[PDB]
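Colleague: Have a look at this one before I ask anything.
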Amino acid sequence: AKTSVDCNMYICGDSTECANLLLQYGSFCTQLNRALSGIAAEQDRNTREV
Amino acid sequence: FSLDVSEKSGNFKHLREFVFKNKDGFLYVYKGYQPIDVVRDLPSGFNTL
Amino acid sequence: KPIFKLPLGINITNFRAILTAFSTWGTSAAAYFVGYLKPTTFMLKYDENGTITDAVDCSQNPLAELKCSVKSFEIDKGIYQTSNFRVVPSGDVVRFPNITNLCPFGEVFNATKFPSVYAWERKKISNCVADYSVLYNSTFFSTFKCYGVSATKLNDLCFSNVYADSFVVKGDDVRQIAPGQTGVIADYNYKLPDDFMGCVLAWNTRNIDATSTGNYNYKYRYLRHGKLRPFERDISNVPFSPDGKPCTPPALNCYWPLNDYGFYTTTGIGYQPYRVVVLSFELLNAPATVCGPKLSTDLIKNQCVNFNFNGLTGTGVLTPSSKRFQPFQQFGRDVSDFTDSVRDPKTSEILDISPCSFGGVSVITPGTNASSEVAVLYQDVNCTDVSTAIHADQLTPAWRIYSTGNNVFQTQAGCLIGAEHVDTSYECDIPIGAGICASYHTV
Amino acid sequence: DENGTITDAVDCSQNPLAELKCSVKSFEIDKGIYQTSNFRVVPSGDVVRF
Amino acid sequence: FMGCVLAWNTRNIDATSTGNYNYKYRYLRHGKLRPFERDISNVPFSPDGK
Amino acid sequence: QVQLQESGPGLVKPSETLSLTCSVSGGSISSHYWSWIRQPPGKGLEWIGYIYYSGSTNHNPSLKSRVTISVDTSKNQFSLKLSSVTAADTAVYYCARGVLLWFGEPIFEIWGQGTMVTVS
Amino acid sequence: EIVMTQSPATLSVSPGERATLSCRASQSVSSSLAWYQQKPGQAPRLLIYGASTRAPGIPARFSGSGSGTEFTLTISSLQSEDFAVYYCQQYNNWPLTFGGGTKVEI
Amino acid sequence: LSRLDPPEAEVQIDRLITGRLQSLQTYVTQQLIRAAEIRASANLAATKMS
Ligand SMILES: *[C@@H]1O[C@H](CO[C@@H]2O[C@@H](C)[C@@H](O)[C@@H](O)[C@@H]2O)[C@@H](O[C@@H]2O[C@H](CO)[C@@H](O[C@@H]3O[C@H](CO[C@H]4O[C@H](CO)[C@@H](O)[C@H](O[C@H]5O[C@H](CO)[C@@H](O)[C@H](O)[C@@H]5O)[C@@H]4O[C@H]4O[C@H](CO)[C@@H](O)[C@H](O)[C@@H]4O)[C@@H](O)[C@H](O[C@H]4O[C@H](CO)[C@@H](O)[C@H](O[C@H]5O[C@H](CO)[C@@H](O)[C@H](O)[C@@H]5O)[C@@H]4O)[C@@H]3O)[C@H](O)[C@H]2NC(C)=O)[C@H](O)[C@H]1NC(C)=O
Ligand SMILES: *[C@@H]1O[C@H](CO)[C@@H](O[C@@H]2O[C@H](CO)[C@@H](O)[C@H](O)[C@H]2NC(C)=O)[C@H](O)[C@H]1NC(C)=O
Ligand SMILES: *[C@@H]1O[C@H](CO)[C@@H](O[C@@H]2O[C@H](CO)[C@@H](O)[C@H](O)[C@H]2NC(C)=O)[C@H](O)[C@H]1NC(C)=O
Ligand SMILES: *[C@@H]1O[C@H](CO)[C@@H](O)[C@H](O)[C@H]1NC(C)=O
Ligand SMILES: *[C@@H]1O[C@H](CO)[C@@H](O)[C@H](O)[C@H]1NC(C)=O
């Protein structure tokens, strides 16, 4: 599928009060985006290899 | 409004449906209507109040 | 270096430089400068001796963001994703219904006489506007309890109906008027549901509800074969016998199920009579009758705005719709319980809601050593919205210096800013998407 | 229905096939074996043995 | 904030039956103070800002 | 919406009685207070009294004997009569609906068109 | 029993500059004053019922303030249509009293 | 956020943030599991093509 997700809309959405709490967990979803982007690049490589 | 009273020789031409419920001191009433021409039967069907 | 940290404790808005002058008076060549500071994110590099030698400023063009994100002073090739982007809203819409009468709550609260607790009375209030802020910051009331909603915010909400319940309570039994209480009153005289939503009020009335000889006008039912259900009532008065069979007094085990009572002026704090009023707020999803005072505005369709249609808040793009509501439906919902459309109170128009544009931004660069050129990809957006939001500084993040030149191009994955289209094909260096390819090449 | 009107219902407790339809969120099932829920026996009495 | 707050009652020397009237407080200002600010200005005040 | 409209005689001889009627349309007398007000010429307002549903009535702490007030749910009307009327009693007289918010007295929110009456 | 007075007895102003009227009372009250407007040969109207609350449909430029024995009505951006007499009334106590009013002169 | 004051709201906001973080973690983990079993099939496909 090669799907992607946005951390702040899903977890916190419109609000700012919740984002100031999610700040206390640091980098976590950013390495998450790093992972899901690696999966996306891999799919393209698979098709070009075949 | 105005409601008549009269007698009709023919078979029942109207089917009227209700539901009654009680919760939290509130009584809930629902209503529907369906025209039918049957003698002494409750006819199969689907209707949404 | 930090010379001083001085505890002056005053606020300074303006300043004057002091100069010297000499003999008739004359001057000598001198020059000085001023600048202002802005709250910004900086990166600092420490030398082995512990001394700073360089910095970068992350907000001064996108390449600064790329360097700040990767924690480097050199980047080699490729496409890198740094952060989201979004559009800031531009205005406010308020759209309460129009109502012109004043709530006559005083007809309940200022009543000369209250009912006996066993047979409490219920009154309905509707189609009026009034403020709650009086009873909030007033000391007249001995206790204030509110559930489901905080009392500070009652002035921002609309209710379909209010029901006021009133009765007299004895002494400290005010503790029994709450969800989950047990006892003679909480089980026989009155009963509150588990999911109660409203406020409870009480005040002391020894001045008119008690006297030295006593007043004996009130009663309560302590005997019953079964506890009441929520908001039930039973005003039956009959002889009672524990066997569950009829009888007539003075015969054996014949009683009256309710007890007469009276207060005294010299009752202690735990005993004086109190008046109680319970307000239940019906948040029915139908047209509201009672509302707090607010000024309305006109609608602002087709623009990212704050909206407050009727106690519902968010941001979005309002547009006309082809929904067909039934006369008893005021809201529509999608899966995940998001609001999707609403009926305009003033004109009964049907309006959709949709979010202001959002997405990811990523930066395309050749090698830093080769050049400092960049191209920016805004994913899955039509350029019209981002160009109309870059202008007049509606986008965020906001660079201090940048420009959308004449080079704007549209792709299926989104649109590129700062890249020039070419009508020729080559082998791919950096893939972008949907067939679009990039490279760094001679003009 | 697309006009916002109800046109059908199923009642999940009226024979097992109703439970299969309710569980899969469908009005049509094609083949196979499907696991819906646990089962157990209700107790029939009380023992006290101080 | 980081520190300790102390208080004690002083009716013995800070009060009398006729009263002591040596203390003042500022209840009107066009804006709230920032942390540890001070303003010892005494001037006529008018709500118009003139 | 409601409309208050009032009628009565224009001239009263000295030591005689004056009476007025005010009447409702668009709604009907149910849960609100109803009030009589007068304005002497070129002078500030005066409150004579108010009556509400179920007959309970209030009057000025002075001139208690100078007026009695009545309300009829039937035909949506209420009226007053003055025990005595003098030249100095000339004024424009108003009927108005009083609404009570929380405590105290009601605010007069809807006003009748009023009428001018005099003595000669 | 509350007795009421209002000052000054007369004012005059030109278009586009704000003015304020004040009425005073003999003893303490709280948020119990209403402001009324009257025009030649017409019935009054209700502008402010709460201490500082606009009655529904009153133009947004009207406002007032006060507590205790002092209250004031602020009129801003005056237009010729604002020519009227103004009264303040208190409902906190049982007896009902209206102020003597103030004539605003064109 | 509309009908509760911030000191009261934040207690629930902590709970919602915890639940939604956990559900994203579960999704991304299983997504990395799937990617590998598709990669092995892509490799066998390239072998058969070659
Ligand atoms: C919403 O609900 C409120 C609250 O009412 C509550 O509920 C009722 C059931 C009772 O429990 C109340 O106690 C309770 O508060 C309601 O307000 C009430 O309205 C009543 C009328 O509807 C009203 O009853 C009248 O009260 C008059 C007393 O007013 C007080 O204040 C004024 C100040 O202007 C003064 O008259 C006086 O206080 C001042 O002056 C004193 C000396 O003159 C002196 O003490 C001070 O200088 C002071 O400044 C008076 O004090 C009263 O208030 C005190 C609190 O401040 C209390 O301690 C105590 O109540 C004290 O009495 C009475 O004058 C008036 O009596 C007249 O009528 C009587 C009945 O007709 C009559 O008996 C009297 O005597 C003669 O008069 C008649 C001739 O026509 C005949 O009757 C006969 O010939 C007699 O000889 C008087 O004429 C009456 O009792 C009640 O006071 C208020 N409650 C208040 C203000 O707290 C609202 O009306 C209700 N809403 C609506 C829409 O109705
Ligand atoms: C900072 O570090 C530099 C080198 O990284 C130091 O430079 C050398 O220091 C030694 C110390 O014995 C001298 O003999 C060399 O001549 C220096 N090389 C130069 C100046 O090129 C430097 O001394 C350090 N800073 C301080 C204050 O000691
Ligand atoms: C419910 O939807 C049906 C179709 O899904 C609508 O039926 C058609 O509506 C159009 C409206 O212009 C008519 O021109 C067609 O003749 C209808 N087709 C039929 C009746 O077979 C229907 O109108 C919708 N319900 C309502 C109340 O509009
Ligand atoms: C609100 O006012 C508008 C125009 O002033 C009118 O069309 C509408 O009917 C009013 N609201 C209601 C509920 O009648
Ligand atoms: C209660 O608080 C509000 C806050 O805006 C204030 O305006 C008002 O004067 C206070 N007192 C009341 C309503 O009696």
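Please note that chains go A, B, ... in the order of the structure tokens, that every chain numbers its residues from 1, and that ligands are numbered from 1 in the order shown.
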Enumerate as a ChimeraX atom specification the residues belonging to chain C that approach chain A to within 9 Å, with only C-alpha atoms taken into account.
Modeller: /C:81,84,314-315,359-360
Colleague: Show me which residues line ligand 3, defined as having an atom within 12 Å of a ligand atom where only C-alpha atoms and all ligand atoms count, and present them as a VMD selection string.
Modeller: (chain C and resid 322 to 326) or (chain D and resid 1 to 7)
Colleague: Could you list, as a ChimeraX atom specification, all protein and nucleic acid residues with an atom at most 7 Å from ligand 1, counting only C-alpha atoms and all ligand atoms?
Modeller: /C:110-112,208 /F:58,64,100,103-106 /G:1-2,93-95
Colleague: Create the file for the chosen residues now, containing N, CA, C and O atoms and written as a PDB file, in the first residue's frame.
Modeller:
```
ATOM      1  N   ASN C 110     -37.581  32.464  43.614  1.00  0.00           N
ATOM      2  CA  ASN C 110     -38.137  33.448  44.532  1.00  0.00           C
ATOM      3  C   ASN C 110     -39.552  33.082  44.978  1.00  0.00           C
ATOM      4  O   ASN C 110     -40.260  33.933  45.525  1.00  0.00           O
ATOM      5  N   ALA C 111     -39.971  31.837  44.747  1.00  0.00           N
ATOM      6  CA  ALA C 111     -41.287  31.367  45.165  1.00  0.00           C
ATOM      7  C   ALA C 111     -41.458  31.437  46.679  1.00  0.00           C
ATOM      8  O   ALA C 111     -40.522  31.185  47.441  1.00  0.00           O
ATOM      9  N   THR C 112     -42.671  31.793  47.110  1.00  0.00           N
ATOM     10  CA  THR C 112     -42.940  31.967  48.535  1.00  0.00           C
ATOM     11  C   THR C 112     -42.890  30.653  49.313  1.00  0.00           C
ATOM     12  O   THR C 112     -42.492  30.654  50.484  1.00  0.00           O
ATOM     13  N   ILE C 208     -37.444  32.178  57.756  1.00  0.00           N
ATOM     14  CA  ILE C 208     -38.868  32.010  57.485  1.00  0.00           C
ATOM     15  C   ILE C 208     -39.334  30.561  57.557  1.00  0.00           C
ATOM     16  O   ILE C 208     -40.545  30.323  57.694  1.00  0.00           O
TER      17      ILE C 208
ATOM     18  N   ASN F  58     -49.502  44.235  43.749  1.00  0.00           N
ATOM     19  CA  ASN F  58     -48.583  45.105  44.468  1.00  0.00           C
ATOM     20  C   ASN F  58     -48.869  46.546  44.074  1.00  0.00           C
ATOM     21  O   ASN F  58     -49.231  46.827  42.929  1.00  0.00           O
ATOM     22  N   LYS F  64     -51.808  54.199  48.517  1.00  0.00           N
ATOM     23  CA  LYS F  64     -52.394  52.865  48.631  1.00  0.00           C
ATOM     24  C   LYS F  64     -53.901  52.873  48.406  1.00  0.00           C
ATOM     25  O   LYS F  64     -54.447  51.963  47.772  1.00  0.00           O
ATOM     26  N   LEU F 100     -39.128  38.859  35.764  1.00  0.00           N
ATOM     27  CA  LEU F 100     -38.245  38.744  36.920  1.00  0.00           C
ATOM     28  C   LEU F 100     -37.095  37.789  36.609  1.00  0.00           C
ATOM     29  O   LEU F 100     -37.325  36.620  36.287  1.00  0.00           O
ATOM     30  N   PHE F 103     -33.832  37.660  41.573  1.00  0.00           N
ATOM     31  CA  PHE F 103     -34.396  38.163  42.815  1.00  0.00           C
ATOM     32  C   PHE F 103     -34.719  39.640  42.648  1.00  0.00           C
ATOM     33  O   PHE F 103     -34.332  40.276  41.665  1.00  0.00           O
ATOM     34  N   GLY F 104     -35.435  40.187  43.625  1.00  0.00           N
ATOM     35  CA  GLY F 104     -35.812  41.585  43.576  1.00  0.00           C
ATOM     36  C   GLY F 104     -37.101  41.852  42.830  1.00  0.00           C
ATOM     37  O   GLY F 104     -38.092  41.144  43.022  1.00  0.00           O
ATOM     38  N   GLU F 105     -37.104  42.870  41.985  1.00  0.00           N
ATOM     39  CA  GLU F 105     -38.268  43.280  41.222  1.00  0.00           C
ATOM     40  C   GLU F 105     -38.080  43.016  39.731  1.00  0.00           C
ATOM     41  O   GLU F 105     -36.964  42.766  39.266  1.00  0.00           O
ATOM     42  N   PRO F 106     -39.157  43.056  38.949  1.00  0.00           N
ATOM     43  CA  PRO F 106     -39.037  42.768  37.518  1.00  0.00           C
ATOM     44  C   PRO F 106     -38.611  43.964  36.679  1.00  0.00           C
ATOM     45  O   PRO F 106     -38.855  45.123  37.021  1.00  0.00           O
TER      46      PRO F 106
ATOM     47  N   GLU G   1     -35.050  52.954  52.570  1.00  0.00           N
ATOM     48  CA  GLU G   1     -35.503  52.891  51.187  1.00  0.00           C
ATOM     49  C   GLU G   1     -34.565  53.656  50.263  1.00  0.00           C
ATOM     50  O   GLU G   1     -34.234  54.818  50.511  1.00  0.00           O
ATOM     51  N   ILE G   2     -34.104  52.969  49.216  1.00  0.00           N
ATOM     52  CA  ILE G   2     -33.197  53.579  48.255  1.00  0.00           C
ATOM     53  C   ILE G   2     -33.825  54.836  47.676  1.00  0.00           C
ATOM     54  O   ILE G   2     -34.988  54.833  47.254  1.00  0.00           O
ATOM     55  N   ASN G  93     -34.339  46.428  45.595  1.00  0.00           N
ATOM     56  CA  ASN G  93     -35.245  46.490  46.732  1.00  0.00           C
ATOM     57  C   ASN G  93     -36.701  46.462  46.285  1.00  0.00           C
ATOM     58  O   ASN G  93     -37.021  46.672  45.113  1.00  0.00           O
ATOM     59  N   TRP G  94     -37.586  46.183  47.247  1.00  0.00           N
ATOM     60  CA  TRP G  94     -39.014  46.106  46.944  1.00  0.00           C
ATOM     61  C   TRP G  94     -39.556  47.383  46.313  1.00  0.00           C
ATOM     62  O   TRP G  94     -40.207  47.289  45.259  1.00  0.00           O
ATOM     63  N   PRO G  95     -39.353  48.578  46.875  1.00  0.00           N
ATOM     64  CA  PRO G  95     -39.879  49.776  46.213  1.00  0.00           C
ATOM     65  C   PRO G  95     -39.164  50.005  44.893  1.00  0.00           C
ATOM     66  O   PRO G  95     -37.950  49.820  44.786  1.00  0.00           O
TER      67      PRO G  95
END
```
Colleague: Return as a tab-separated table the residues of chain C lying at most 8 Å from ligand 5, together with the closest atom-to-atom pair for each and the distance in Å to one decimal, counting only C-alpha atoms and all ligand atoms, with rows in chain order and ascending residue number.
Modeller:
```
residue	atom	partner	partner_atom_place_in_ligand_line	distance
C:133	CA	ligand 5	13 (C)	5.0
C:134	CA	ligand 5	13 (C)	4.0
C:135	CA	ligand 5	13 (C)	7.4
C:136	CA	ligand 5	1 (C)	7.0
C:137	CA	ligand 5	1 (C)	5.1
C:138	CA	ligand 5	14 (O)	6.5
```
Colleague: Please give me, as a list in words, the residues lying within 8 Å of ligand 2 when counting only C-alpha atoms and all ligand atoms.
Modeller: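 Protein and nucleic-acid residues within 8 Å of ligand 2: residues 47, 48 and 49 of chain C.
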Colleague: At a cut-off of 12 Å and counting only C-alpha atoms and all ligand atoms, what residues surround ligand 4? Please answer as a list in words.
Modeller: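 So, counting only C-alpha atoms and all ligand atoms, the residues near ligand 4 are residues 95, 96, 97, 98, 99, 100, 127, 287, 288, 289, 296, 298, 344, 345, 346, 347, 348 and 349 of chain C; 1 of chain F; 57 of chain G.
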Colleague: Hey, can you spit out that residue selection with N, CA and C atoms as a compact mmCIF listing (two decimals), in the first residue's frame?
Modeller:
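Okay, this is what ended up in again-v9.txt:
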```
# COMPACT_ATOMS: atom_id res chain seq x y z
N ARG C 95 -22.85 32.05 15.33
CA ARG C 95 -24.10 31.82 14.61
C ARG C 95 -25.18 31.28 15.53
N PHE C 96 -25.28 31.81 16.75
CA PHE C 96 -26.35 31.43 17.65
C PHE C 96 -27.71 31.79 17.05
N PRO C 97 -28.77 31.07 17.42
CA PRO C 97 -30.12 31.49 17.03
C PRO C 97 -30.53 32.80 17.71
N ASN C 98 -31.57 33.42 17.16
CA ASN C 98 -32.08 34.69 17.67
C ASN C 98 -33.28 34.51 18.59
N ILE C 99 -33.13 34.98 19.83
CA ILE C 99 -34.09 34.80 20.92
C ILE C 99 -34.16 36.12 21.68
N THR C 100 -35.36 36.49 22.13
CA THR C 100 -35.60 37.85 22.61
C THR C 100 -36.25 37.95 23.98
N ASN C 127 -37.02 28.90 25.57
CA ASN C 127 -37.12 30.07 24.69
C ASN C 127 -36.80 31.37 25.43
N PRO C 287 -33.16 21.79 17.84
CA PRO C 287 -32.97 23.25 17.96
C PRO C 287 -32.97 23.68 19.42
N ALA C 288 -31.98 24.50 19.77
CA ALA C 288 -31.84 24.97 21.14
C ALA C 288 -32.80 26.12 21.42
N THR C 289 -33.32 26.14 22.65
CA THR C 289 -34.22 27.20 23.09
C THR C 289 -33.55 28.20 24.01
N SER C 296 -23.62 37.63 17.11
CA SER C 296 -23.37 36.80 15.95
C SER C 296 -22.63 37.58 14.87
N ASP C 298 -21.91 37.44 10.24
CA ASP C 298 -22.24 36.82 8.96
C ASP C 298 -21.38 35.58 8.74
N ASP C 344 -27.66 25.45 9.58
CA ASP C 344 -27.49 26.83 9.98
C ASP C 344 -28.70 27.28 10.80
N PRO C 345 -28.52 27.73 12.04
CA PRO C 345 -29.69 28.09 12.85
C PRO C 345 -30.51 29.24 12.29
N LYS C 346 -29.87 30.29 11.78
CA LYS C 346 -30.61 31.47 11.33
C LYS C 346 -31.47 31.20 10.10
N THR C 347 -30.94 30.47 9.12
CA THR C 347 -31.66 30.26 7.87
C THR C 347 -31.96 28.81 7.52
N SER C 348 -31.55 27.85 8.35
CA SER C 348 -31.75 26.42 8.09
C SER C 348 -31.09 25.97 6.78
N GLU C 349 -30.09 26.70 6.31
CA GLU C 349 -29.17 26.17 5.32
C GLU C 349 -28.46 24.93 5.85
N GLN F 1 -44.15 37.36 19.56
CA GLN F 1 -44.45 38.78 19.75
C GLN F 1 -45.81 38.95 20.42
N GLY G 57 -30.19 42.99 20.73
CA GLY G 57 -30.49 43.91 19.65
C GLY G 57 -30.06 45.34 19.87
```
Colleague: Do you have, as a tab-separated table, the list of residues of chain E lying at most 12 Å from chain C, each with its nearest atom pair and that distance in Å to one decimal, counting only C-alpha atoms and ordered by chain then number?
Modeller:
```
residue	atom	partner	partner_atom	distance
E:33	CA	C:11	CA	9.5
E:34	CA	C:11	CA	8.8
E:35	CA	C:9	CA	9.1
E:36	CA	C:9	CA	6.5
E:37	CA	C:9	CA	5.5
E:38	CA	C:10	CA	6.0
E:39	CA	C:10	CA	7.6
E:40	CA	C:10	CA	10.1
E:41	CA	C:10	CA	11.9
```
Colleague: Which residues are close to region 2-17 of chain B, i.e. within 6 Å by only C-alpha atoms, leaving aside same-chain residues fewer than 5 positions away? Reply as a list in words.
Modeller: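 Here the answer would be residues 31, 32, 33, 34, 35, 36 and 37 of chain B.
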Colleague: For the residues selected in the previous step, produce a file with C-alpha atoms as a PDB file, in the first residue's frame.
Modeller:
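File again-v1.pdb, as written:
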```pdb
ATOM      1  CA  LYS B  31     -45.914   6.452  15.379  1.00  0.00           C
ATOM      2  CA  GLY B  32     -46.202   5.153  11.844  1.00  0.00           C
ATOM      3  CA  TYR B  33     -48.887   4.469   9.244  1.00  0.00           C
ATOM      4  CA  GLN B  34     -49.508   2.000   6.436  1.00  0.00           C
ATOM      5  CA  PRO B  35     -52.544   1.490   4.157  1.00  0.00           C
ATOM      6  CA  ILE B  36     -53.670  -2.140   3.863  1.00  0.00           C
ATOM      7  CA  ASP B  37     -56.773  -4.109   2.786  1.00  0.00           C
TER       8      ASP B  37
END
```
Colleague: For a test of reading the model, state the distance in Å between CA of residue 24 (chain F) and CA of residue 4 (chain F), rounded to one decimal.
Modeller: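 CA of residue 4 (chain F) lies at a distance of 5.1 Å from CA of residue 24 (chain F).
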Colleague: State, in Å with one decimal place, the distance from CA of residue 302 (chain C) to CA of residue 397 (chain C).
Modeller: 22.8 Å
Colleague: Using DSSP on the backbone, list every residue of chain G that comes out as strand (DSSP E), and give them as a ChimeraX atom specification.
Modeller: /G:4-7,10-12,19-25,33-38,45-50,53-54,63-67,70-75,85-90,97-98,102-105
Colleague: Quick one: residues within 10 Å of residue 100 (chain G), only C-alpha atoms counted, chain neighbours fewer than 4 positions away excluded, as an MDAnalysis selection string?
Modeller: (chainID F and resid 43:45) or (chainID G and resid 4:7 9 23 86:89)
Colleague: Create the file for the chosen residues now, containing N, CA, C and O atoms and written as a PDB file, in the first residue's frame.
Modeller:
```
ATOM      1  N   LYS F  43     -41.733  65.402  33.325  1.00  0.00           N
ATOM      2  CA  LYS F  43     -41.208  64.972  34.613  1.00  0.00           C
ATOM      3  C   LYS F  43     -40.900  63.481  34.563  1.00  0.00           C
ATOM      4  O   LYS F  43     -41.334  62.765  33.658  1.00  0.00           O
ATOM      5  N   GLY F  44     -40.134  63.023  35.553  1.00  0.00           N
ATOM      6  CA  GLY F  44     -39.704  61.640  35.579  1.00  0.00           C
ATOM      7  C   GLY F  44     -40.837  60.668  35.852  1.00  0.00           C
ATOM      8  O   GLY F  44     -41.923  61.034  36.301  1.00  0.00           O
ATOM      9  N   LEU F  45     -40.563  59.396  35.568  1.00  0.00           N
ATOM     10  CA  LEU F  45     -41.586  58.361  35.584  1.00  0.00           C
ATOM     11  C   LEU F  45     -42.079  58.093  37.006  1.00  0.00           C
ATOM     12  O   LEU F  45     -41.447  58.468  37.998  1.00  0.00           O
TER      13      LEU F  45
ATOM     14  N   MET G   4     -32.651  58.030  44.805  1.00  0.00           N
ATOM     15  CA  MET G   4     -31.810  58.036  43.616  1.00  0.00           C
ATOM     16  C   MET G   4     -31.674  59.457  43.095  1.00  0.00           C
ATOM     17  O   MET G   4     -32.629  60.235  43.139  1.00  0.00           O
ATOM     18  N   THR G   5     -30.489  59.765  42.579  1.00  0.00           N
ATOM     19  CA  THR G   5     -30.227  61.040  41.920  1.00  0.00           C
ATOM     20  C   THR G   5     -29.247  60.818  40.777  1.00  0.00           C
ATOM     21  O   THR G   5     -28.457  59.870  40.788  1.00  0.00           O
ATOM     22  N   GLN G   6     -29.310  61.709  39.795  1.00  0.00           N
ATOM     23  CA  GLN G   6     -28.585  61.555  38.545  1.00  0.00           C
ATOM     24  C   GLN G   6     -28.031  62.912  38.139  1.00  0.00           C
ATOM     25  O   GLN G   6     -28.697  63.937  38.310  1.00  0.00           O
ATOM     26  N   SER G   7     -26.815  62.911  37.596  1.00  0.00           N
ATOM     27  CA  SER G   7     -26.065  64.138  37.374  1.00  0.00           C
ATOM     28  C   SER G   7     -25.246  64.001  36.101  1.00  0.00           C
ATOM     29  O   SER G   7     -24.777  62.903  35.785  1.00  0.00           O
ATOM     30  N   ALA G   9     -27.790  67.575  35.276  1.00  0.00           N
ATOM     31  CA  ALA G   9     -29.143  67.748  34.764  1.00  0.00           C
ATOM     32  C   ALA G   9     -29.191  67.927  33.252  1.00  0.00           C
ATOM     33  O   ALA G   9     -30.225  67.635  32.646  1.00  0.00           O
ATOM     34  N   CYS G  23     -25.412  58.350  37.489  1.00  0.00           N
ATOM     35  CA  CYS G  23     -26.466  58.431  38.495  1.00  0.00           C
ATOM     36  C   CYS G  23     -25.982  57.754  39.771  1.00  0.00           C
ATOM     37  O   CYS G  23     -25.301  56.725  39.721  1.00  0.00           O
ATOM     38  N   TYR G  86     -32.414  59.821  28.938  1.00  0.00           N
ATOM     39  CA  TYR G  86     -31.937  58.566  29.507  1.00  0.00           C
ATOM     40  C   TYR G  86     -32.281  58.476  30.988  1.00  0.00           C
ATOM     41  O   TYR G  86     -32.174  59.464  31.721  1.00  0.00           O
ATOM     42  N   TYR G  87     -32.694  57.282  31.424  1.00  0.00           N
ATOM     43  CA  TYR G  87     -33.071  57.022  32.807  1.00  0.00           C
ATOM     44  C   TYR G  87     -32.417  55.741  33.306  1.00  0.00           C
ATOM     45  O   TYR G  87     -32.151  54.819  32.531  1.00  0.00           O
ATOM     46  N   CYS G  88     -32.165  55.687  34.616  1.00  0.00           N
ATOM     47  CA  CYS G  88     -31.637  54.498  35.274  1.00  0.00           C
ATOM     48  C   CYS G  88     -32.573  54.117  36.415  1.00  0.00           C
ATOM     49  O   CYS G  88     -33.011  54.985  37.178  1.00  0.00           O
ATOM     50  N   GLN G  89     -32.886  52.824  36.519  1.00  0.00           N
ATOM     51  CA  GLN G  89     -33.825  52.304  37.505  1.00  0.00           C
ATOM     52  C   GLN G  89     -33.207  51.112  38.227  1.00  0.00           C
ATOM     53  O   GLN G  89     -32.445  50.343  37.637  1.00  0.00           O
TER      54      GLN G  89
END
```
Colleague: I want to know what sits within 12 Å of residue 41 (chain A), based on only C-alpha atoms, with residues of the same chain fewer than 2 positions away left out; could you give that as a ChimeraX atom specification?
Modeller: /A:1-4,34-39,43-48 /C:79,431-433 /H:35
Colleague: Taking only C-alpha atoms into account, find every residue of chain G that has an atom no more than 12 Å from chain F, and write it out as a PyMOL selection string.
Modeller: chain G and resi 1+4-6+29-36+38+40-50+55-56+85-103
Colleague: Please find the residues of chain B near chain D - the criterion being any atom within 12 Å, counting only C-alpha atoms - and write them as a PyMOL selection string.
Modeller: chain B and resi 45-49
Colleague: Pull C-alpha atoms from the residues just selected and write them as a short mmCIF file (atom, residue, chain, number, x, y, z; two decimals), in the first residue's frame.
Modeller:
```cif
data_model
loop_
_atom_site.label_atom_id
_atom_site.label_comp_id
_atom_site.auth_asym_id
_atom_site.auth_seq_id
_atom_site.Cartn_x
_atom_site.Cartn_y
_atom_site.Cartn_z
CA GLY B 45 -43.79 -6.22 6.23
CA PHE B 46 -41.19 -3.70 7.35
CA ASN B 47 -41.94 -0.19 8.61
CA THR B 48 -39.87 2.40 10.49
CA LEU B 49 -41.42 4.56 13.21
#
```
Colleague: Which value, in Å to one decimal, gives the distance between CA of residue 41 (chain F) and CA of residue 25 (chain G)?
Modeller: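 So the two atoms, CA of residue 41 (chain F) and CA of residue 25 (chain G), lie 24.4 Å apart.
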Colleague: Extract, using only C-alpha atoms, all DNA, RNA and protein residues at most 6 Å from region 5-7 of chain F, discarding same-chain residues fewer than 3 positions from it, and format them as a ChimeraX atom specification.
Modeller: /F:21-23
Colleague: Contacts of residue 108 (chain C) at 12 Å or less, counting only C-alpha atoms, minus same-chain residues fewer than 3 places along, as a PyMOL selection string?
Modeller: (chain C and resi 103-105+111-115+121-125+163-167+275-279) or (chain F and resi 31+100-103)
Colleague: Which chain C residues have any atom within 12 Å of an atom of chain H, and for each, what is the nearest pair of atoms with distance in Å to one decimal, counting only C-alpha atoms, rows sorted by chain and number, as CSV?
Modeller:
```
residue,atom,partner,partner_atom,distance
C:146,CA,H:4,CA,11.2
C:147,CA,H:4,CA,10.2
C:148,CA,H:3,CA,7.8
C:149,CA,H:3,CA,5.3
C:150,CA,H:4,CA,5.6
C:151,CA,H:3,CA,9.0
C:152,CA,H:5,CA,8.0
C:153,CA,H:3,CA,6.5
C:154,CA,H:3,CA,8.1
C:155,CA,H:3,CA,10.5
C:156,CA,H:2,CA,8.6
C:157,CA,H:3,CA,8.3
C:158,CA,H:3,CA,11.5
C:197,CA,H:3,CA,11.8
C:308,CA,H:2,CA,11.0
C:310,CA,H:2,CA,11.7
C:311,CA,H:2,CA,7.9
C:312,CA,H:2,CA,8.1
C:313,CA,H:2,CA,7.8
C:314,CA,H:2,CA,10.4
```
